file start-v9.cif (mmCIF, C-alpha atoms)
data_start
loop_
_atom_site.label_atom_id
_atom_site.label_comp_id
_atom_site.auth_asym_id
_atom_site.auth_seq_id
_atom_site.Cartn_x
_atom_site.Cartn_y
_atom_site.Cartn_z
CA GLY A 1 20.14 155.02 36.30
CA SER A 2 20.11 158.33 38.17
CA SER A 3 21.36 161.90 37.79
CA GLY A 4 21.01 165.42 39.16
CA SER A 5 24.14 167.56 39.30
CA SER A 6 24.61 169.17 35.88
CA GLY A 7 27.83 168.47 34.01
CA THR A 8 30.97 170.59 34.29
CA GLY A 9 33.56 169.29 31.84
CA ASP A 10 32.72 168.76 28.18
CA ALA A 11 34.45 165.94 26.30
CA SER A 12 33.28 166.87 22.80
CA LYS A 13 35.13 170.16 23.26
CA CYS A 14 38.38 168.31 23.94
CA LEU A 15 40.64 167.44 21.00
CA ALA A 16 42.80 164.36 20.46
CA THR A 17 45.96 164.84 18.39
CA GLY A 18 48.97 162.60 17.88
CA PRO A 19 50.56 159.92 15.67
CA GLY A 20 49.55 157.21 18.12
CA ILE A 21 45.88 158.00 17.50
CA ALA A 22 46.25 158.31 13.73
CA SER A 23 43.95 156.32 11.45
CA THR A 24 47.06 154.18 10.95
CA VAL A 25 50.16 153.41 13.01
CA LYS A 26 53.36 151.36 12.79
CA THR A 27 54.22 148.25 14.80
CA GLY A 28 57.36 147.88 16.90
CA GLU A 29 57.70 151.66 17.12
CA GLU A 30 56.46 153.61 20.14
CA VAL A 31 53.80 156.21 19.36
CA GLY A 32 52.95 159.23 21.49
CA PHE A 33 49.75 161.28 21.34
CA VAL A 34 48.47 164.15 23.47
CA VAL A 35 45.02 165.43 24.44
CA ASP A 36 44.50 169.15 23.82
CA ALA A 37 41.77 170.86 25.85
CA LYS A 38 40.61 174.44 25.30
CA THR A 39 37.20 174.99 26.89
CA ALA A 40 36.58 171.35 27.79
CA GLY A 41 37.17 172.45 31.37
CA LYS A 42 38.57 170.26 34.13
CA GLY A 43 38.74 166.47 34.19
CA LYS A 44 40.94 163.37 34.12
CA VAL A 45 41.89 161.78 30.80
CA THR A 46 42.25 157.99 30.83
CA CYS A 47 43.56 155.82 27.99
CA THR A 48 43.05 152.13 27.25
CA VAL A 49 44.87 150.35 24.42
CA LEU A 50 43.00 147.21 23.38
CA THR A 51 44.77 144.47 21.41
CA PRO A 52 43.21 142.50 18.53
CA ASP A 53 44.05 139.36 20.50
CA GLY A 54 41.50 140.04 23.23
CA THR A 55 43.69 141.56 25.93
CA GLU A 56 44.34 145.04 27.31
CA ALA A 57 47.67 146.86 27.02
CA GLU A 58 49.56 149.34 29.21
CA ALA A 59 49.18 153.04 28.42
CA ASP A 60 51.22 155.63 30.33
CA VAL A 61 49.43 158.89 31.12
CA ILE A 62 51.16 162.15 32.04
CA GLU A 63 49.18 165.30 32.84
CA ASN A 64 50.48 168.78 32.03
CA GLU A 65 49.98 172.26 33.49
CA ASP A 66 48.63 173.20 30.07
CA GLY A 67 45.64 170.93 30.62
CA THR A 68 47.13 168.35 28.27
CA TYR A 69 47.72 164.62 28.73
CA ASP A 70 50.67 162.86 27.09
CA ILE A 71 50.18 159.16 26.38
CA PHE A 72 52.37 156.56 24.65
CA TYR A 73 52.10 152.90 23.68
CA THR A 74 53.74 150.24 21.51
CA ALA A 75 52.32 147.71 19.05
CA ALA A 76 53.73 144.21 19.55
CA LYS A 77 51.62 142.70 16.78
CA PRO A 78 49.62 144.21 13.88
CA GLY A 79 45.84 144.16 13.55
CA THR A 80 42.95 146.28 14.80
CA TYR A 81 43.69 148.13 18.04
CA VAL A 82 40.93 149.86 19.99
CA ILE A 83 41.82 152.87 22.13
CA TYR A 84 39.29 154.15 24.66
CA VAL A 85 39.54 157.78 25.78
CA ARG A 86 37.40 159.77 28.20
CA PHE A 87 37.48 163.28 29.68
CA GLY A 88 36.31 163.88 33.24
CA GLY A 89 34.39 160.62 32.99
CA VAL A 90 32.93 161.27 29.55
CA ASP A 91 33.59 159.23 26.41
CA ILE A 92 34.55 161.71 23.69
CA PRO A 93 32.68 161.59 20.35
CA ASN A 94 35.89 160.20 18.87
CA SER A 95 35.90 157.05 21.00
CA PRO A 96 36.52 154.38 20.40
CA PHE A 97 39.55 155.14 18.23
CA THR A 98 39.86 152.84 15.22
CA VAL A 99 43.61 152.31 14.83
CA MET A 100 45.41 150.00 12.41
CA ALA A 101 48.96 148.81 13.11
CA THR A 102 50.85 147.89 9.95
CA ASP A 103 54.28 146.29 9.59
CA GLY A 104 55.20 148.90 7.00
CA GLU A 105 57.02 148.02 3.79
CA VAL A 106 57.94 144.53 2.58
CA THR A 107 60.95 143.01 4.33
CA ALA A 108 62.75 139.70 4.85
CA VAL A 109 63.66 138.71 8.41
CA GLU A 110 66.55 136.39 9.25
CA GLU A 111 66.82 133.98 12.17
CA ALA A 112 69.65 131.61 13.09
CA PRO A 113 70.06 128.93 15.79
CA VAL A 114 72.38 129.64 18.72
CA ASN A 115 74.08 126.65 20.33
CA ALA A 116 74.53 126.66 24.11
CA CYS A 117 76.00 124.32 26.72
CA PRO A 118 75.78 124.19 30.54
CA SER A 119 78.65 124.64 32.99
CA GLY A 120 80.23 122.59 35.77
CA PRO A 121 83.25 120.35 36.42
CA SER A 122 83.39 116.63 35.64
CA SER A 123 85.51 115.21 38.47
CA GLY A 124 85.21 111.79 36.85
#

call {"tool": "encode", "arguments": {"input": "start-v9.cif", "output": "structure tokens"}}
result
Amino acid sequence: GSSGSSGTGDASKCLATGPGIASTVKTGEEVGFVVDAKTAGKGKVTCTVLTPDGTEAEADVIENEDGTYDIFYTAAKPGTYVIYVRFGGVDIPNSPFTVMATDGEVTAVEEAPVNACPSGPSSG
């Protein structure tokens, strides 16, 4: 390792608020959280939604003139999702973000078969 130039942007100062980063979330629905920064300073905020299956997900990031970053993501399947957040290249003291995606209340799904046939003349 190596260092020299003192830091400039503090991550611990930054605050993460939003339903998407709540201790618990809902599947199927699209959550949307935002990063509020007061004295944190200047820096880029990156998000990484990890799935309980072992793969990474897509997380849109939109910066704001108010020094805030709006992010959103969906939960295909329930389980334990891990969200990684960093400010100006610094992992906040809240990362990772332990999130739990639940299906919600008890429900009964219904699926039915759909017949289908190809097209084309016979000429026979």

call {"tool": "resolve_selection", "arguments": {"input": "start-v9.cif", "expression": "the PyMOL selection byres ((chain A and resi 17) around 12)", "output": "MDAnalysis selection string"}}
result
chainID A and resid 14:16 18:23 31:37 68:71 94 97

call {"tool": "resolve_selection", "arguments": {"input": "start-v9.cif", "expression": "the PyMOL selection byres ((chain A and resi 54) around 12)", "output": "VMD selection string"}}
result
chain A and resid 49 to 53 55 to 57 79 to 82

call {"tool": "atom_distance", "arguments": {"input": "start-v9.cif", "atom1": "CA of residue 7 in chain A", "atom2": "CA of residue 67 in chain A"}}
result
18.3 Å

call {"tool": "resolve_selection", "arguments": {"input": "start-v9.cif", "expression": "the PyMOL selection byres ((chain A and resi 44) around 9)", "output": "VMD selection string"}}
result
chain A and resid 42 to 43 45 to 46 63 69 86 to 89

call {"tool": "atom_distance", "arguments": {"input": "start-v9.cif", "atom1": "CA of residue 8 in chain A", "atom2": "CA of residue 40 in chain A"}}
result
8.6 Å

call {"tool": "closest_residue", "arguments": {"input": "start-v9.cif", "among": "A:106, A:61, A:112, A:25", "to": "residue 85 in chain A", "atoms": "only C-alpha atoms"}}
result
A:61

call {"tool": "closest_residue", "arguments": {"input": "start-v9.cif", "among": "A:114, A:62, A:11, A:47", "to": "residue 83 in chain A", "atoms": "all atoms listed in the file"}}
result
A:47

call {"tool": "atom_distance", "arguments": {"input": "start-v9.cif", "atom1": "CA of residue 28 in chain A", "atom2": "CA of residue 99 in chain A"}}
result
14.6 Å

call {"tool": "closest_residue", "arguments": {"input": "start-v9.cif", "among": "A:48, A:27, A:119, A:3", "to": "residue 101 in chain A", "atoms": "only C-alpha atoms"}}
result
A:27
